[PDB]
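Note sheet for the following structure.
Proteins come first, then strands; the chains are lettered A, B, ... in the order of their sequence lines, and each starts at number 1. Worth knowing before you read on, the calculation uses all heavy atoms, side chains too, and leaves out hydrogens, waters and symmetry mates.
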Amino acid sequence: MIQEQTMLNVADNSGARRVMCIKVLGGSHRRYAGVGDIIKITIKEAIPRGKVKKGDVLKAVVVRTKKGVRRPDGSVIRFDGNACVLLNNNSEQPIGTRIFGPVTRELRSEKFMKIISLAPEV
Amino acid sequence: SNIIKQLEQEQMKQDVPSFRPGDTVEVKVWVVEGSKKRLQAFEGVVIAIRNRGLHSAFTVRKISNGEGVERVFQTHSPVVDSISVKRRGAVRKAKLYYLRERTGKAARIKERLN
Amino acid sequence: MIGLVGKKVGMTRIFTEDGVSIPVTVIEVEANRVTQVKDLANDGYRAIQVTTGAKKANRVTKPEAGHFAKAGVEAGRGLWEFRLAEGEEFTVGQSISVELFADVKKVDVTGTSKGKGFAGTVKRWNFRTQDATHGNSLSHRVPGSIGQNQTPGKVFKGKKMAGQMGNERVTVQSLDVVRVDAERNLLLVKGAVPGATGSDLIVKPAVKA
Amino acid sequence: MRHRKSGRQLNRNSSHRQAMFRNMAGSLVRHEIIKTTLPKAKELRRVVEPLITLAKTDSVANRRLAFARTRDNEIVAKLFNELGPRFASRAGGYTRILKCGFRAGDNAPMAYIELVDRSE
Amino acid sequence: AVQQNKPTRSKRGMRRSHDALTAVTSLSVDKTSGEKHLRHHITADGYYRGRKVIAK
Amino acid sequence: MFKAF
RNA sequence: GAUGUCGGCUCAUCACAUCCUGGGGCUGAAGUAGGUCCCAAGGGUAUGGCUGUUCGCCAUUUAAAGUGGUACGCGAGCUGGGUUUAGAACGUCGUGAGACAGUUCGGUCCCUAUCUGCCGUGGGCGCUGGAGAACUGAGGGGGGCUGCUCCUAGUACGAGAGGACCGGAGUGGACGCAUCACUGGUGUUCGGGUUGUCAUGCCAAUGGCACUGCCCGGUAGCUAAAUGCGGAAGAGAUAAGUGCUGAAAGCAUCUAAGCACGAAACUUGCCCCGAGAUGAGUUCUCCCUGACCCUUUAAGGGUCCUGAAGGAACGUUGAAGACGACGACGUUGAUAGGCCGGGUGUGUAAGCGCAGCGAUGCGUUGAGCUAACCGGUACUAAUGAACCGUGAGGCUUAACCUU
RNA sequence: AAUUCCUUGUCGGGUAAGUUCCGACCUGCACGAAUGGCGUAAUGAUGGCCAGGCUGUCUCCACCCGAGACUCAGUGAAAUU
RNA sequence: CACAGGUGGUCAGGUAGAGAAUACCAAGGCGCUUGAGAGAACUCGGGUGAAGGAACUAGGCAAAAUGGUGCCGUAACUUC
RNA sequence: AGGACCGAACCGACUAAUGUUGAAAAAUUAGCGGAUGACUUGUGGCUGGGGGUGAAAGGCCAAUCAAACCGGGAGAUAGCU
Ligand SMILES: [Mg+2]
Ligand SMILES: [Mg+2]
Ligand SMILES: [Mg+2]
Ligand SMILES: [Mg+2]
Ligand SMILES: [Mg+2]
Ligand SMILES: [Mg+2]
Ligand SMILES: [Mg+2]
Ligand SMILES: [Mg+2]
Ligand SMILES: [Mg+2]
Ligand SMILES: [Mg+2]
Ligand SMILES: [Mg+2]
Ligand SMILES: [Mg+2]
Ligand SMILES: [Mg+2]
Ligand SMILES: [Mg+2]
Ligand SMILES: [Mg+2]
Ligand SMILES: [Mg+2]
Ligand SMILES: [Mg+2]
Ligand SMILES: [Mg+2]
Ligand SMILES: [Mg+2]
Ligand SMILES: [Mg+2]
Ligand SMILES: [Mg+2]
Ligand SMILES: [Mg+2]
Ligand SMILES: [Mg+2]
Ligand SMILES: [Mg+2]
Ligand SMILES: [Mg+2]
Ligand SMILES: [Mg+2]
Ligand SMILES: [Mg+2]
Ligand SMILES: [Mg+2]
Ligand SMILES: [Mg+2]
Ligand SMILES: [Mg+2]
Ligand SMILES: [Mg+2]
Ligand SMILES: [Mg+2]
Ligand SMILES: [Mg+2]
């Protein structure tokens, strides 16, 4: 469950360290963004000489959440923190060339094949 | 509730091994990637177990690639193929939620040498 | 189409080879005996009245006992009626089992919902609560305004207000029939249904189709 | 809501409620018949009767358990020495409640609660 | 918060129409003691269902 | 007592 | 001899001069996407930064973030930031007291609801013998939103770029209903750890108090963040509109006669209430088959005998409940408690022994304890009765059964 | 600016977005030198603004423990009319 | 008013504590002059909370949070 | 040493909630300020109404203050209701 003002870590090497969600896209009065949901974010902290800079407004896909993900059999997968992967604003493609930490299988879609291929785990 | 008991009983797994909280358990879970089926291992520390007959479940915690992960396995679900106890831990509590605040040396669990 | 009267045994989980978990409500549908048949010439509509279960004969009233004796049936928990279609026909004393739904994929389940008693507007109508701080005085979850001053000078009919919640007839539509087990008089339907465990339940084929 | 809940609050807090029944339980054991309000008598069954069952088998651990729930060695001795042996054959239902009208002071409904084997 | 007109004798009477008390339907008689008592209640001298449950 | 200046 | 302001909050309701969705006519309408006009009010019709602000600007969304009425809706519902009491200061005006839709800092928001209205829930009586059930449905209410992806099809169209109508499928947002099987919350009524102190003679072991002393977990129940379902198809009559045939008016003409099509509007379809529907309905069972007496001799009154079906009361109670009500049960009995077994939760009790100087560890031992849960069991309490309710049910006419 | 009407002046900083805030400019409607001017360490239940921590303030409320509300018995008001 | 108000001196036990704070107690004195049930909305006083963490609001109002001893260490600006 | 520091008694009254026919005609609860001083407090005394007193709010002078209270002029006057 990611809302506005939620702080998320960055699971890619795009240069951003943590970001602020400023809008949950995909509907009207939509308030929760789970794993695999595109969110509009603003970079709050970034490393120097990165490909993104503080204050940039982009969009990202949630890949890990504390609330976890529900499986068809009822099993739940949870993570110690919330993470997201920054995506190009126009083409919605990942900016970083690597993915950090485990990834969840709800991203098994045509547009997120890049993330899974680079995912260290599943 | 005799009817409910019988309905659940006929679909309970009989090969479930005996394990306790603090035990390092490796679980084989069926995973499908396209048409082909596959097995992947999720090894971690059992931090919580609920016994509810067919609805029994247990929580396994592990640190993968620097990120802590917790999986709540439905023990009787066909998705989980097998359960194996790699190590036996000695703890005084049924639930080990306090391990969420610890890592590295502080998260060590003493082995149970009965 | 005709339905049957069952009892809510409870809720249960059904596993499948593919690894999916199906939440199912277990409904016990014993033999439904036809106690009376309604005819157009005599009653003005076509329907069958059926009874299910059994009750102690000591507490059966004389007029109730006489009605069951007419159809040669043992007194049940109660009496329910089902409307008949054009081709349907039944006879007094006939027994209908859970196999009727063997060829049915979706069903309609109706029953009395759990009684919440006197409920406030927040619970009953999902009214938004007012500020818990910032000067609020004894108005944290009160309904608030209920009118528009002199022009109407009244409260309109149907205004949402606190009152009795639940304990009323409720119908849930298009519930999948996971399994029909005739040998034990059981009917497993995906999802939850109104009422607490052991409450009377009426199951009909899905009218919505 | 109060669905499938047990235990009367009796317009008291948990600490006061627990202490009151501890005293009342000892009174019923000390005096085999006592007079109290009907709702209080109904709750007293769920406290005194388990003590009698606990006294069915005599042991140091059981006596200490009885002491922790009564905090009066006189009652503990009474339960294990007399009440326990007397109710050795009864499968529950060690107490009986009889209604005795209403209290004059506040019109509260009153009822006697007594051990079933008070006959002498 | 307060009335704009004085309610009448009539309005007071109708409100009190539901205030009437109901007398006890009947008093049970002990099988042996023979005196009247409330049903499911002991008698004056401690009898109930024919047994002297209370000594006094 | 409210006021309307 | 008082009708309390702006804005916010909560809760709304109506209009249609329609913002989105729906149906159309023109288009300087190729397609996609627009422009303009007509019909349409069923549903839906952003979160934030700044500001007391409405407004407005800006950021990012959305199918769209409609315009208005309702005392510029709503303070006996909340707020009191702005204006508009008394304090104080700035600029400014005045010799001065003081003044300023100039600006600054601070500054008591009372009311237990009689009536109307509304949301719930009962009592009485009626419905023409009484009683127990199941119904018909006049009428009324609820519900009516919509995105994206895929196929059709890279087809129609277009030089290209670009890119469909019409029909299908899948999966979402918001909203609504139900429920706890699952994932979780709560769980001061279940276990365990621990600080200070007091007490049970003391050790050991326990209890009281300190917010449940502070904490860690947790049964049932309730519950959402949890997981099931819902909006519709179809039908009838239509709006704008498009037509067929066709005269008045030899032609033409959708219209005058006569036919056809046509939208989230309308009447139905789906869900709930519903015979106080006084127009009080229908169907099926159950119960009552005695004496007399009086005159104001009539739907008359009264005594005796009788007390049915059924109801109520009382008692044990409920996943029913403010109280009523409603459901279960009362010995020919599992209604509640206890009891027995089991399952849960907590996590190896106490006692004793063994190691250690000791704290402590180990064995007995996954032990002990275990609330509301599950399957059982008359051990306790649900009494033999009393009480209410009667004794064949008006007149008139019609059609039958008849003598 | 406790002073600026025009005015949310203009530029810069902070924010994804700042009528407030900070820095600067001077076009001071209508600052100004003991009815004191400009600075100032420390101090302030003082005014404005930002950040970390923190959380039911909020998204969006859920459950629980108590005192009322509700029922019974006793006593028994009030404004208003 | 048998009113949660106001009213100056003197006496000053135990354990923990720096303490006349605070907690539990001694001597001593009390349970506050309506009770009994129920366990609805709502109000009051509190406890807990998934994910987020000021998005609330005129304003972080209120809550939450920090909290003690030693020792290490501690910037600008300073009238030192 | 200190109108020094932290903090009870003690003296104050910044915030919130409750209460507002209140328990109370100004309080309660949780926080809050000072707490060796321009401190606080007991008993007694002095200042009297166009006067007192006032670290100055037109504050206070017996629940009354832009001129106290009591009695009198007095049946002031009222083109008003
Ligand atoms: Mg107030
Ligand atoms: Mg409040
Ligand atoms: Mg009003
Ligand atoms: Mg009118
Ligand atoms: Mg009480
Ligand atoms: Mg306590
Ligand atoms: Mg007037
Ligand atoms: Mg319609
Ligand atoms: Mg706005
Ligand atoms: Mg207005
Ligand atoms: Mg103000
Ligand atoms: Mg002034
Ligand atoms: Mg003015
Ligand atoms: Mg000891
Ligand atoms: Mg801010
Ligand atoms: Mg400036
Ligand atoms: Mg000046
Ligand atoms: Mg000061
Ligand atoms: Mg009373
Ligand atoms: Mg008193
Ligand atoms: Mg003290
Ligand atoms: Mg309560
Ligand atoms: Mg939380
Ligand atoms: Mg806001
Ligand atoms: Mg605060
Ligand atoms: Mg606090
Ligand atoms: Mg000092
Ligand atoms: Mg105070
Ligand atoms: Mg101090
Ligand atoms: Mg002044
Ligand atoms: Mg005074
Ligand atoms: Mg004169
Ligand atoms: Mg005069």
Self-check item: Heavy-atom neighbours of B/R92 CZ exceed 12 at 6.0 Å
Solution: no
Quiz prompt | C/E28, part contacting chain B, at a heavy-atom distance under 4.5 Å | solution = side chain
Quiz item: Between C/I14 and chain B, which part of the residue has a heavy atom less than 4.5 Å away: side chain, backbone, both or neither?
Solution: both
Exercise. Check the surroundings of atom NZ in C/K159: do more than 12 heavy atoms from other residues, nucleotides or ligands lie under 6.0 Å from it?
Key: yes
Quiz item: Are side-chain heavy atoms of C/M11 and B/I4 found at a separation under 4.5 Å?
Solution: no
Quiz prompt | Between NE2 on residue B/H55 and OG1 on residue C/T12, distance to nearest 0.5 Å | solution = 5.5 Å
Practice problem: Check whether more than 12 heavy atoms from other residues, nucleotides or ligands sit under 6.0 Å from atom NZ of C/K204, and answer yes or no. | Solution: no
Exercise. Report, as yes or no, whether the 6.0 Å neighbourhood of atom NZ on B/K110 holds more than 12 heavy atoms from other residues, nucleotides or ligands.
Key: no
Practice problem: Go through the steps for B/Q74 and C/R13 under the test side chain to side chain donor-acceptor pair (under 3.5 Å), then give the verdict. | Solution: CA-CA 11 Å; B/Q74 307 289 285; C/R13 190 218 307 249; 2.6 Å; yes
Quiz prompt | Within 6.0 Å of CD in C/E74, more than 12 heavy atoms from elsewhere | solution = no
Quiz item: Is the CD atom of C/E88 crowded by more than 12 outside heavy atoms at less than 6.0 Å?
Solution: yes
Self-check item: C/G19 versus B/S77, closest heavy-atom pair with distance
Solution: O-OG, 4.4 Å
Quiz item: Once you round to the nearest 0.5 Å, how far does OG of C/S21 lie from NE2 of B/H76?
Solution: 12.5 Å
Exercise. Inspect the surroundings of CZ in B/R112 and state if more than 12 heavy atoms from other residues, nucleotides or ligands are less than 6.0 Å away.
Key: yes
Quiz item: In terms of heavy-atom proximity below 4.5 Å to chain B, should C/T16 be classed as side chain, backbone, both, or neither?
Solution: backbone
Quiz item: Is there side-chain contact between C/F15 and B/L54, with at least one heavy-atom pair below 4.5 Å?
Solution: yes
